[PDB]
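A.B. asks: My questions will all concern the structure given below.
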Amino acid sequence: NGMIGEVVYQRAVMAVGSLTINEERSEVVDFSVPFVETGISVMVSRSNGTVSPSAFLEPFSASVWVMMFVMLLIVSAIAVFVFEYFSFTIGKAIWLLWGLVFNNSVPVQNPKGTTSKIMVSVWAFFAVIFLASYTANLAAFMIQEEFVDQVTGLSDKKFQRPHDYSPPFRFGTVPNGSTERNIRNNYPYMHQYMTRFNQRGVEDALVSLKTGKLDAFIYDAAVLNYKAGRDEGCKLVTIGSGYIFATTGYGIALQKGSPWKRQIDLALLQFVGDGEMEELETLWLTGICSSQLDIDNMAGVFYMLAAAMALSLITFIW
Amino acid sequence: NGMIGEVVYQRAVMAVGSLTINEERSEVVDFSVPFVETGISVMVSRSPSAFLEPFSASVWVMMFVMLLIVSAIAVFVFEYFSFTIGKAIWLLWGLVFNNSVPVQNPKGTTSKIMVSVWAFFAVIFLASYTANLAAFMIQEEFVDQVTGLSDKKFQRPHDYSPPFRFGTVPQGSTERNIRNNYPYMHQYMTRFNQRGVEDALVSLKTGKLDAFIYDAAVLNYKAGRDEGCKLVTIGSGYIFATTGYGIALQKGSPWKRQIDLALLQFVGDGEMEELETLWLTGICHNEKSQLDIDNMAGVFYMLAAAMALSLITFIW
Amino acid sequence: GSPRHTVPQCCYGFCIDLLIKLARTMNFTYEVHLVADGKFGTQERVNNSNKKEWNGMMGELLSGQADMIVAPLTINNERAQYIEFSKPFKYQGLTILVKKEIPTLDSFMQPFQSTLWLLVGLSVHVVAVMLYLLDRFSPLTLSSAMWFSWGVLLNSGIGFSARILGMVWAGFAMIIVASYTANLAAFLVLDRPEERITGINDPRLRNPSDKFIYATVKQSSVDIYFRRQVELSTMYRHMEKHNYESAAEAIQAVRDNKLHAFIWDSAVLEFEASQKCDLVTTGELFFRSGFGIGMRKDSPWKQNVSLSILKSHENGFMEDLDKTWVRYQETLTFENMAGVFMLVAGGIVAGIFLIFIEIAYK
Amino acid sequence: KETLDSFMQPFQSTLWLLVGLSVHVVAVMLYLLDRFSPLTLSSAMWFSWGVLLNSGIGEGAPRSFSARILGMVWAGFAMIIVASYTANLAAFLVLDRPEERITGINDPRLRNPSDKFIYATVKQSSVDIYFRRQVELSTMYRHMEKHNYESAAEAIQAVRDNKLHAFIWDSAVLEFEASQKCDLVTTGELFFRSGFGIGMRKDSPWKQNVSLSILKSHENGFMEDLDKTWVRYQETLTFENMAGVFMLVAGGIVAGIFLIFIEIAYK
Ligand SMILES: *[C@@H]1O[C@H](CO)[C@@H](O[C@@H]2O[C@H](CO)[C@@H](O)[C@H](O)[C@H]2NC(C)=O)[C@H](O)[C@H]1NC(C)=O
Ligand SMILES: *[C@@H]1O[C@H](CO)[C@@H](O)[C@H](O)[C@H]1NC(C)=O
Ligand SMILES: *[C@@H]1O[C@H](CO)[C@@H](O)[C@H](O)[C@H]1NC(C)=O
Ligand SMILES: *[C@@H]1O[C@H](CO)[C@@H](O)[C@H](O)[C@H]1NC(C)=O
Ligand SMILES: *[C@@H]1O[C@H](CO)[C@@H](O)[C@H](O)[C@H]1NC(C)=O
């Protein structure tokens with residue numbers, strides 16, 4: 001059907017328009033050389049996400065903790081030395097010193113030996129510059145921005161079955177296409193779950209993705225890059241750049257026995273071999289680029305609350 | 001001398017190379033249409049006043065109003081039911097900042113509630129003020145020392161204790177333009193004479209020259225290729241001559257109309273824009289220290305006023 | 001507006017005082033009148049004979065009914081092929097007028113999400129109840145425990161492992177409010193810039209939609225410059241549906257939010273941006289054009305006038321004429337304080353009322 | 001495109017000496033106000049360094065009937081200083097990003113290079129002839145022909161040892177080498193989007209089945225399997241900032257303990 005039925009039945013010579021490449025078309029006719037790197041891709045809904053404020057391992061990285069313990073032990077030991085020079089702040093000096101990290105410790109009666117006051121001043125200036133560096137790391141966390149994707153790649157568990165996860169979703173392709181042939185030659189279950197979720201038109205599928213009539217869609221890569229380069233609002237950036245995809249090209253299917261083929265190949269390699277193809281790609285492919293952002297800080301709230309309950313149980317049983 | 005000594009004396013036909021346009025050069029030969037916007041400009045090198053009077057202008061008033069209200073509340077709580085009658089000011093303004101000010105163990109429950117509300121207000125105000133300083137650093141302007149050709153610095157370098165310096169190439173048309181504007185500026189430039197363009201560039205890089213005067217777009221090209229964006233012009237041709245470049249043909253040359261129409265064809269089709277894209281570097285764009293000076297000095301002047309007020313309260 | 005009617009009125013501005021300076025320089029008199037239509041005049045077909053003719057200012061000039069078009073005309077190639085032009089005094093490009101700068105609440109307590117804030121409040125409540133239960137299961141005491149918890153929570157008004165876990169929770173809450181301070185810092189880092197892509201070579205602009213309403217002046221030299229360009233059929237067919245007679249029509253149209261883009265000269269829309277801040281120009285300086293004086297053919301009042309303009313170039317004549325109106329133009333602590341002040345004042349009034357209730361009980 | 005935060009030691013003698021001499025003068029004049037009352041010197045020093053401390057100290061309130069105004073001014077002074085210092089240090093370490101790239105072949109600094117931007121290619125490379133054919137690559141051809149290298153490993157070692165400064169190479173190989181050697185970071189722009197095949201003979205009937213076997217490798221996921229073999233498999237710090245900080249803190253602790261020995265020997 002279509003251009004294959006025109007060319008193979010000798011009603012047309014060649015298809016100058018864009019044509020997909022597979023084994024059976026290379027058997028019945030002869031392609032030209034490829035000129036553009038156009039694979040496949042999957043468009044998803046990709047709603048509003050955060051920058052994932054999970055935790056911080058930049059200042060300490062689970063190695064400065066021993067230095068904290070050693071400095072607390074030295075402070076407590078010199079407090080015991082001042083008490084020897086001088087009645088209950090033997091181990092409580094560590095508690096007051098770590099309470100003065102967050103500048104709200106209950107002031108226990110300080111001795112006149114003044115050495116504890118000196119080391120409290122040193123640790124207090126260190127806590128000032130530590131909180132300054134902590135706020136600086138929080139400010140530097142704002143610089144990057146990235147929201148995570150729901151699909152890791154072509155080997156997705158969501159691509160296996162959406163019943164494995166708690167929301168089920170849907171996905172469509174173009175009907176009667178070579179992408180469907182590539183699915184049926186690679187993943188029959190994908191065709192099984194795709195057959196009930198079909199659609200009609202490419203722009204119609206785009207409207208279905210925008211208005212919420214469709215969740216996912218499978219199409220070519222660079223054409224969807226062009227559609228993102230004309231997207232109103234620009235809320236759709238596809239996952240990857242063809243790394244976990246087919247990554248094929250586009251060619252011109254000539255009839256088997258045409259003398260034009262070498263001349264067309266030399267003309268295409270001349271069109272690529274001078275930057276004029278780069279000029280055409282510049283002309284025809286051009287695009288651009290909350291109060292509850294703490295959705296991963298609350299996971300840290302959960303872990304710290306669980307650790308607090310566990311330590312309360314440990315201190316309560318003894 | 002030069003191309004005027006070649007074309008007018010008929011040893012050359014025309015000046016297809018670039019050339020400034022002024023009165024007597026247009027008197028001796030006929031220029032073409034202007035093909036590029038090249039005025040003149042001044043190149044200089046790299047490098048806030050206070051934060052209380054412009055910034056905390058009207059918020060200061062409402063903070064004092066609520067401070068007097070909360071102080072009257074604390075006085076009424078203490079006088080309803082051990083020294084917080086007139087001493088509530090130091091306590092309250094120490095709890096404005098929460099400087100860990102040693103005042104008293106708060107026994108009044110209403111006092112503890114008001115201190116808790118005011119401390120939450122102080123935390124969110126400190127967060128808003130840190131966000132204000134962050135947005136102030138983001139809104140980063142770069143003011144210049146001289147923003148005018150009629151500068152008081154451009155009349156006598158005794159205006160400030162370091163005298164700056166600026167020159168041009170000798171025997172140039174820019175020197176004639178300055179002498180057609182101010183002979184006293186030429187008198188000050190006489191002490192500031194230097195030879196080479198790239199010699200002046202080396203003097204600007206090593207610090208042997210403060211400012212420099214040349215054409216507009218050529219210095220824009222030099223700033224685009226500047227190593228580290230160290231040299232930024234003063235404006236983009238605001239207080240300058242705003243002249244152009246043409247092709248000086250002989251007075252009576254028959255090729256003038258065809259060359260003018262050819263240049264008008266070359267400009268109005270994107271061809272001249274393609275050549276400007278190819279032949280002008282523009283990586284150093286606009287709007288791109290650790291020690292301020294004026295702000296803590298003004299706070300030092302307010303501190304000296306606080307010394308004066310402390311002396312007034314001490315003598316009476 | 002009117003079929004044909006003529007009144008004598010007052011003209012002033014830039015080129016009027018320029019002509020006064022020329023009459024001070026060169027010895028001549030004037031006859032100052034206006035153009036009949038509101039068009040620059042393009043090479044339009046006449047009603048028969050398959051012939052294109054110029055009109056407008058060229059139609060008034062070539063008929064002998066005009067001597068000198070003192071106007072900053074867009075000097076192109078085509079109109080210079082017929083008649084001689086003066087030296088371009090003004091160097092001015094093109095720009096796009098848009099409606100930007102549309103903003104506040106700042107998300108402090110009431111625009112901030114109080115769900116996690118109530119979660120923190122209930123969490124420190126449960127922590128205080130659990131520490132009072134550990135006080136009961138010891139290895140105004142309830143009121144002292146609650147006041148200590150809510151005072152160490154807010155780091156103010158502060159009078160064995162229970163206090164250790166409470167200070168763990170206090171440092172945890174300081175981590176929480178440091179994250180809150182970072183969130184309020186991130187709230188005011190940047191605005192939302194470039195709601196419309198200002199790129200002239202944007203394929204979104206090459207294939208517009210019904211929302212993209214961009215127009216131009218009817219029968220201008222900008223239209224001729226677009227007519228030369230071999231790929232500008234789409235924008236021509238778009239703007240021919242919205243051909244505007246005067247530029248003030250486009251000012252009123254984008255003033256009433258009917259337009260979205262308008263190709264125009266730079267400094268005029270810069271002065272209009274000085275007038276209204278929502279009228280925002282662009283930064284792409286494309287088609288750096290030269291504006292001179294509309295002139296006749298080879299004339300004795302051509303070279304003298306060109307040399308008079310050249311003599312006017314050297315002084316600060318265009319400089320102080322820019323100082324007249326071109327140079328003349330016409331987040332902070334105040335945004336994040338108003339609703340905060342009102343909410344804190346209302347909370348203080350309600351708290352004083354609750355103190356009246358508590359003193360009426362105690 | 002490849003430390004101490006400039007707190008007191010890289011920065012010069014403004015802030016530390018200024019705050020130290022200022023709090024010294026403040027403590028001296030407030031203790032002289034305590035002399036004109038309307039270990040008391042040690043208590044005044046403790047109060048002054050506790051106000052400068054701004055983190056919590058178990059202190060009381062001395063006789064400050066008129067010293068409280070200067071004390072509250074100094075307290076707000078110290079907190080607005082440390083708040084502005086925290087704010088501008090954070091904003092200094094956020095916007096500390098200069099321009100450290102080339103942005104592709106459209107670079108006029110590489111159209112007219114110098115002795116610093118050292119870019120070259122492999123000796124007898126097809127990219128050299130590809131640039132020699134084109135219309136504007138003449139100066140870059142003259143620059144690259146001076147220092148042509150034998151192998152690509154020579155170019156990697158030269159740009160690693162700062163002998164080169166740029167190198168034209170295929171993109172995914174450089175991404176793999178960036179995964180291997182993290183010091184080698186490329187630019188962002190992409191050019192010469194080409195296809196790479198197998199060097200073959202003339203028209204052969206076995207060559208047709210070779211091309212069809214390549215297409216059979218294209219249609220299945222064996223190209224992705226080959227990517228799994230090589231392409232897919234990739235590979236406020238306070239360890240230089242606040243490490244020497246702790247070194248000087250420990251030295252100050254040893255010196256302070258020595259001063260405590262001096263104080264106990266005095267008393
Ligand atoms: C290339 O391989 C194909 C597939 O083996 C061969 O083409 C067909 O092979 C089958 C099985 O031998 C035959 O039944 C068909 O008649 C063949 N068709 C064609 C195209 O002739 C082909 O023989 C191989 N060519 C060589 C020798 O490389
Ligand atoms: C797909 O192919 C089937 C074959 O029967 C045809 O009936 C159907 O209309 C086609 N659908 C589209 C829209 O491609
Ligand atoms: C004509 O212009 C010249 C300029 O020097 C001068 O004589 C005078 O201004 C004018 N004379 C007349 C005719 O008024
Ligand atoms: C001339 O007048 C007729 C009147 O209908 C009009 O239709 C026609 O377009 C005009 N021709 C031109 C372009 O002058
Ligand atoms: C100006 O006008 C005079 C008299 O018409 C003419 O001779 C001269 O060529 C013009 N320009 C100059 C060079 O003064």
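As shown in the structure tokens, the chain order sets the letters A, B, ...; within each chain, residues go from 1, and ligands are also counted from 1 in the order they appear.
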Write out as a tab-separated table the residues of chain D that have any atom within 6 Å of an atom of ligand 1, one row each with the nearest atom pair and its distance in Å to one decimal, counting only C-alpha atoms and all ligand atoms, sorted by chain and then rising number.
C.D. replies:
```
residue	atom	partner	partner_atom_place_in_ligand_line	distance
D:205	CA	ligand 1	28 (O)	4.9
D:206	CA	ligand 1	28 (O)	3.9
D:209	CA	ligand 1	1 (C)	4.8
```
A.B. asks: Return as a list in words the residues of protein, DNA or RNA that approach ligand 4 to within 7 Å, with only C-alpha atoms and all ligand atoms taken into account.
C.D. replies: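 Listed by chain and ascending number, the contacts are residues 44, 45, 46, 47 and 48 of chain C.
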A.B. asks: Go ahead and dump the residues you just picked, C-alpha atoms, as an mmCIF file, in the first residue's frame.
C.D. replies:
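Ended up saving to result_9.cif:
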```cif
data_model
loop_
_atom_site.group_PDB
_atom_site.id
_atom_site.type_symbol
_atom_site.label_atom_id
_atom_site.label_comp_id
_atom_site.auth_asym_id
_atom_site.auth_seq_id
_atom_site.Cartn_x
_atom_site.Cartn_y
_atom_site.Cartn_z
ATOM 1 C CA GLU C 44 1.425 49.788 -5.813
ATOM 2 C CA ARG C 45 -0.334 48.949 -9.074
ATOM 3 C CA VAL C 46 -2.487 51.697 -10.558
ATOM 4 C CA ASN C 47 -6.067 50.692 -11.482
ATOM 5 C CA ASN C 48 -5.211 49.787 -15.117
#
```
A.B. asks: Applying 10 Å and only C-alpha atoms, which residues near residue 104 in chain B remain after dropping the ones on its own chain fewer than 6 positions away? List them as a short mmCIF file (atom, residue, chain, number, x, y, z; two decimals) with N, CA, C and O atoms, in the first residue's frame.
C.D. replies:
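Below is the file selection_32.cif, written as the result:
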```cif
data_model
loop_
_atom_site.label_atom_id
_atom_site.label_comp_id
_atom_site.auth_asym_id
_atom_site.auth_seq_id
_atom_site.Cartn_x
_atom_site.Cartn_y
_atom_site.Cartn_z
N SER B 82 11.52 41.29 87.03
CA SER B 82 11.30 42.10 88.21
C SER B 82 11.73 43.55 87.98
O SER B 82 11.66 44.38 88.88
N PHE B 83 12.17 43.84 86.75
CA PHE B 83 12.65 45.18 86.42
C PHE B 83 12.23 45.61 85.02
O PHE B 83 12.85 46.52 84.45
N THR B 84 11.16 45.04 84.47
CA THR B 84 10.83 45.17 83.06
C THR B 84 9.80 46.29 82.84
O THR B 84 8.88 46.19 82.01
N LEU B 91 15.37 44.34 76.25
CA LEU B 91 14.90 42.96 76.11
C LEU B 91 14.21 42.75 74.77
O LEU B 91 14.50 41.79 74.04
N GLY C 157 12.78 32.15 74.76
CA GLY C 157 12.03 31.92 75.97
C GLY C 157 12.31 30.56 76.58
O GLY C 157 11.40 29.76 76.80
N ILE C 158 13.59 30.29 76.85
CA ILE C 158 14.04 28.99 77.31
C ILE C 158 14.56 29.14 78.74
O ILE C 158 15.48 29.93 78.99
N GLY C 159 13.97 28.39 79.66
CA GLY C 159 14.39 28.44 81.05
C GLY C 159 15.69 27.71 81.31
O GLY C 159 16.18 26.97 80.45
N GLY D 60 25.34 36.68 82.58
CA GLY D 60 24.35 37.55 83.18
C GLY D 60 24.34 38.92 82.55
O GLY D 60 24.68 39.10 81.37
N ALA D 61 23.95 39.92 83.34
CA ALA D 61 23.89 41.30 82.88
C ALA D 61 24.63 42.17 83.89
O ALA D 61 24.25 42.20 85.08
#
```
A.B. asks: Find the residues of chain C in contact range of chain D, meaning any atom within 12 Å when counting only C-alpha atoms, and list them as a list in words.
C.D. replies: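 For chain C, the answer reads residues 155, 156, 158, 159, 181, 182, 185 and 189 of chain C.
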A.B. asks: Can I get the residues of chain B within 7 Å of chain C, each with the closest pair of atoms and their distance in Å to one decimal, using only C-alpha atoms, sorted chain first then ascending number, as CSV?
C.D. replies:
```
residue,atom,partner,partner_atom,distance
B:22,CA,C:310,CA,6.9
B:23,CA,C:310,CA,6.5
B:37,CA,C:91,CA,6.5
B:55,CA,C:333,CA,6.3
B:56,CA,C:333,CA,6.5
B:59,CA,C:334,CA,6.8
B:105,CA,C:159,CA,5.8
B:106,CA,C:157,CA,6.4
B:110,CA,C:355,CA,6.8
B:112,CA,C:157,CA,6.2
B:115,CA,C:157,CA,7.0
B:116,CA,C:154,CA,6.5
B:119,CA,C:154,CA,6.6
B:120,CA,C:154,CA,6.5
B:127,CA,C:181,CA,4.9
B:128,CA,C:184,CA,6.9
B:131,CA,C:185,CA,4.3
B:132,CA,C:332,CA,6.5
B:135,CA,C:189,CA,5.9
B:239,CA,C:319,CA,6.6
B:241,CA,C:314,CA,6.4
B:261,CA,C:77,CA,6.0
B:264,CA,C:77,CA,4.9
B:265,CA,C:77,CA,6.0
B:269,CA,C:229,CA,6.9
```
A.B. asks: Can you list, as a ChimeraX atom specification, every residue of range 71-277 of chain A that DSSP puts in helix (DSSP H, G or I)?
C.D. replies: /A:71-85,92-102,115-140,157-160,178-184,188-195,202-211,221-228,261-272,276-277
A.B. asks: Neighbours of ligand 5 within 8 Å, counting only C-alpha atoms and all ligand atoms, as an NGL selection string?
C.D. replies: (:B and (27)) or (:C and (300-301 or 303-304 or 307))
A.B. asks: Just N, CA, C and O atoms for this one: save the residues we selected as a compact mmCIF listing (two decimals), in the first residue's frame.
C.D. replies:
```
# COMPACT_ATOMS: atom_id res chain seq x y z
N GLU B 27 35.04 67.35 1.79
CA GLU B 27 35.33 68.45 0.87
C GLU B 27 36.27 68.02 -0.24
O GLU B 27 36.12 68.45 -1.39
N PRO C 300 21.07 72.24 -6.47
CA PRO C 300 21.98 73.13 -5.73
C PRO C 300 21.72 73.15 -4.24
O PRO C 300 22.62 73.52 -3.47
N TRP C 301 20.53 72.75 -3.80
CA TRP C 301 20.21 72.59 -2.38
C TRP C 301 20.29 71.14 -1.95
O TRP C 301 19.46 70.66 -1.17
N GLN C 303 23.93 69.32 -2.05
CA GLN C 303 25.27 69.17 -1.48
C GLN C 303 25.49 70.13 -0.32
O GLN C 303 26.13 69.77 0.68
N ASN C 304 24.98 71.36 -0.44
CA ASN C 304 25.05 72.32 0.66
C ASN C 304 24.31 71.82 1.90
O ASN C 304 24.79 71.96 3.03
N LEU C 307 26.32 68.92 3.44
CA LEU C 307 27.44 69.47 4.22
C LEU C 307 26.96 70.18 5.48
O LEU C 307 27.68 70.20 6.48
```
A.B. asks: Please provide as a PyMOL selection string all residues within 12 Å of range 151-156 of chain D, with the sequence filter that same-chain residues fewer than 3 positions apart are discarded (counting only C-alpha atoms).
C.D. replies: chain D and resi 118-125+147-148+159-170+173-174+177-178+181+183-185
A.B. asks: If you count only C-alpha atoms, which residues fall within 10 Å of residue 287 in chain A, apart from same-chain ones fewer than 3 positions away, as a ChimeraX atom specification?
C.D. replies: /A:225-231,234,282,284 /C:202-204
A.B. asks: Would you write out those residues with C-alpha atoms, as a short mmCIF file (atom, residue, chain, number, x, y, z; two decimals), in the first residue's frame?
C.D. replies:
```cif
data_model
loop_
_atom_site.label_atom_id
_atom_site.label_comp_id
_atom_site.auth_asym_id
_atom_site.auth_seq_id
_atom_site.Cartn_x
_atom_site.Cartn_y
_atom_site.Cartn_z
CA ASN A 225 12.00 17.02 18.68
CA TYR A 226 10.55 19.34 16.03
CA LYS A 227 7.16 19.15 17.75
CA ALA A 228 8.83 20.16 21.01
CA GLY A 229 10.46 22.94 18.97
CA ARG A 230 6.95 24.18 18.15
CA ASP A 231 5.25 23.13 21.40
CA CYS A 234 7.15 23.67 25.96
CA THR A 282 19.25 24.82 11.33
CA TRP A 284 14.04 23.18 9.85
CA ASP C 202 11.97 31.04 15.24
CA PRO C 203 9.91 28.33 13.46
CA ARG C 204 7.20 29.06 16.04
#
```
A.B. asks: Got a sec to check which residues lie within 10 Å of ligand 3, using only C-alpha atoms and all ligand atoms, and send them as number ranges by chain?
C.D. replies: C: 23-28
A.B. asks: I'd like to know which of B:207, B:174, B:36, B:102 is closest to chain A, using only C-alpha atoms.
C.D. replies: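 Going through B:207, B:174, B:36, B:102 one by one, the smallest distance to chain A is for B:102.
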A.B. asks: Please measure the separation of CA of residue 73 in chain B and CA of residue 105 in chain C, giving the value in Å to one decimal.
C.D. replies: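 Result for CA of residue 73 in chain B versus CA of residue 105 in chain C: 29.0 Å, one decimal.
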A.B. asks: Around ligand 2, which protein and nucleic acid residues have at least one atom no more than 6 Å from it, if we count only C-alpha atoms and all ligand atoms? List them as a list in words.
C.D. replies: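 Going residue by residue within 6 Å of ligand 2, we get residues 175, 176 and 200 of chain A.
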A.B. asks: Please report as a Markdown table every residue of chain A lying within 7 Å of chain D, along with the nearest atom pair and their distance in Å (one decimal), using only C-alpha atoms.
C.D. replies:
```
| residue | atom | partner | partner_atom | distance |
| --- | --- | --- | --- | --- |
| A:22 | CA | D:219 | CA | 6.9 |
| A:23 | CA | D:215 | CA | 6.8 |
| A:58 | CA | D:237 | CA | 5.1 |
| A:59 | CA | D:237 | CA | 4.7 |
| A:100 | CA | D:56 | CA | 6.3 |
| A:103 | CA | D:55 | CA | 4.8 |
| A:104 | CA | D:56 | CA | 6.7 |
| A:107 | CA | D:58 | CA | 4.8 |
| A:108 | CA | D:58 | CA | 6.8 |
| A:109 | CA | D:58 | CA | 6.9 |
| A:110 | CA | D:58 | CA | 6.5 |
| A:115 | CA | D:260 | CA | 6.9 |
| A:121 | CA | D:53 | CA | 6.4 |
| A:124 | CA | D:55 | CA | 5.9 |
| A:125 | CA | D:53 | CA | 6.7 |
| A:132 | CA | D:86 | CA | 5.3 |
| A:133 | CA | D:236 | CA | 6.0 |
| A:136 | CA | D:90 | CA | 4.4 |
| A:137 | CA | D:236 | CA | 6.0 |
| A:139 | CA | D:90 | CA | 6.7 |
| A:140 | CA | D:94 | CA | 5.6 |
| A:186 | CA | D:220 | CA | 6.9 |
| A:244 | CA | D:224 | CA | 6.7 |
| A:274 | CA | D:134 | CA | 6.3 |
```
A.B. asks: Show which residues sit within 9 Å of residue 145 in chain A, as a ChimeraX atom specification. Count only C-alpha atoms, and ignore same-chain residues fewer than 4 positions away.
C.D. replies: /A:50-51,141
A.B. asks: List every residue of chain B that has an atom at most 10 Å from any atom of chain A, giving for each one its closest atom pair and the distance in Å to one decimal, counting only C-alpha atoms, sorted by chain and then by ascending residue number, as JSON lines.
C.D. replies:
```
{"residue": "B:98", "atom": "CA", "partner": "A:103", "partner_atom": "CA", "distance": 9.9}
{"residue": "B:99", "atom": "CA", "partner": "A:103", "partner_atom": "CA", "distance": 9.5}
{"residue": "B:100", "atom": "CA", "partner": "A:103", "partner_atom": "CA", "distance": 7.9}
{"residue": "B:134", "atom": "CA", "partner": "A:139", "partner_atom": "CA", "distance": 9.2}
```
A.B. asks: Output N, CA, C and O atoms for every residue in that selection, as a compact mmCIF listing (two decimals), in the first residue's frame.
C.D. replies:
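Output (part01.txt):
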```txt
# COMPACT_ATOMS: atom_id res chain seq x y z
N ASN B 98 17.26 38.23 68.26
CA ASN B 98 17.62 37.01 68.99
C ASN B 98 19.14 36.81 69.00
O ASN B 98 19.68 35.85 68.44
N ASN B 99 19.81 37.76 69.65
CA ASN B 99 21.26 37.75 69.79
C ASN B 99 21.74 36.91 70.98
O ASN B 99 22.90 37.05 71.38
N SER B 100 20.88 36.03 71.50
CA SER B 100 21.05 35.33 72.78
C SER B 100 21.36 36.31 73.90
O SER B 100 22.33 36.18 74.65
N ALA B 134 20.01 38.17 48.67
CA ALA B 134 20.28 37.29 47.53
C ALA B 134 19.80 37.91 46.23
O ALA B 134 20.53 37.94 45.23
```
A.B. asks: Rounded to one decimal in Å, what is the spacing between CA of residue 357 in chain C and CA of residue 142 in chain C?
C.D. replies: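 Answer for the CA of residue 357 in chain C to CA of residue 142 in chain C separation: 20.4 Å.
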A.B. asks: Would you mind listing what lies within 12 Å of range 6-18 of chain B as a PyMOL selection string, with only C-alpha atoms counted and same-chain residues fewer than 6 positions away left out?
C.D. replies: chain B and resi 24-32+34-36+38+215+218+244-256+259+263
A.B. asks: The selected residues should be written to file as a PDB file, in the first residue's frame (atoms: C-alpha atoms).
C.D. replies:
```pdb
ATOM      1  CA  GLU B  24      37.284  68.438   4.956  1.00  0.00           C
ATOM      2  CA  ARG B  25      37.587  64.809   3.841  1.00  0.00           C
ATOM      3  CA  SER B  26      34.108  65.168   2.361  1.00  0.00           C
ATOM      4  CA  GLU B  27      35.325  68.452   0.869  1.00  0.00           C
ATOM      5  CA  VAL B  28      38.229  66.805  -0.948  1.00  0.00           C
ATOM      6  CA  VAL B  29      36.558  63.506  -2.032  1.00  0.00           C
ATOM      7  CA  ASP B  30      33.058  62.015  -2.134  1.00  0.00           C
ATOM      8  CA  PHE B  31      32.184  59.260   0.328  1.00  0.00           C
ATOM      9  CA  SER B  32      29.701  56.475  -0.353  1.00  0.00           C
ATOM     10  CA  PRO B  34      27.183  54.403   5.240  1.00  0.00           C
ATOM     11  CA  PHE B  35      27.398  50.619   5.466  1.00  0.00           C
ATOM     12  CA  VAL B  36      28.199  50.161   9.178  1.00  0.00           C
ATOM     13  CA  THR B  38      30.663  53.008  13.704  1.00  0.00           C
ATOM     14  CA  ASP B 215      35.713  53.958  17.430  1.00  0.00           C
ATOM     15  CA  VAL B 218      36.079  48.154  16.580  1.00  0.00           C
ATOM     16  CA  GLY B 244      29.802  56.043  10.041  1.00  0.00           C
ATOM     17  CA  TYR B 245      32.054  54.508   7.380  1.00  0.00           C
ATOM     18  CA  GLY B 246      31.847  54.924   3.621  1.00  0.00           C
ATOM     19  CA  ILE B 247      33.859  54.479   0.418  1.00  0.00           C
ATOM     20  CA  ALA B 248      35.626  57.703  -0.556  1.00  0.00           C
ATOM     21  CA  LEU B 249      35.416  58.100  -4.332  1.00  0.00           C
ATOM     22  CA  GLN B 250      36.747  61.031  -6.328  1.00  0.00           C
ATOM     23  CA  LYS B 251      34.563  64.098  -6.816  1.00  0.00           C
ATOM     24  CA  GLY B 252      33.020  63.270 -10.180  1.00  0.00           C
ATOM     25  CA  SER B 253      33.521  59.516 -10.251  1.00  0.00           C
ATOM     26  CA  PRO B 254      30.871  57.798 -12.420  1.00  0.00           C
ATOM     27  CA  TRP B 255      30.977  54.623 -10.294  1.00  0.00           C
ATOM     28  CA  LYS B 256      29.436  56.343  -7.247  1.00  0.00           C
ATOM     29  CA  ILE B 259      28.524  51.392  -5.735  1.00  0.00           C
ATOM     30  CA  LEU B 263      25.898  48.671  -0.927  1.00  0.00           C
TER      31      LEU B 263
END
```
A.B. asks: Go through range 95-266 of chain A and collect every residue that DSSP, computed from the backbone, puts in strand (DSSP E); the answer should be as a list in words.
C.D. replies: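 Assigned to strand (DSSP E), within range 95-266 of chain A: residues 171, 172, 216, 217, 218, 219 and 220 of chain A.
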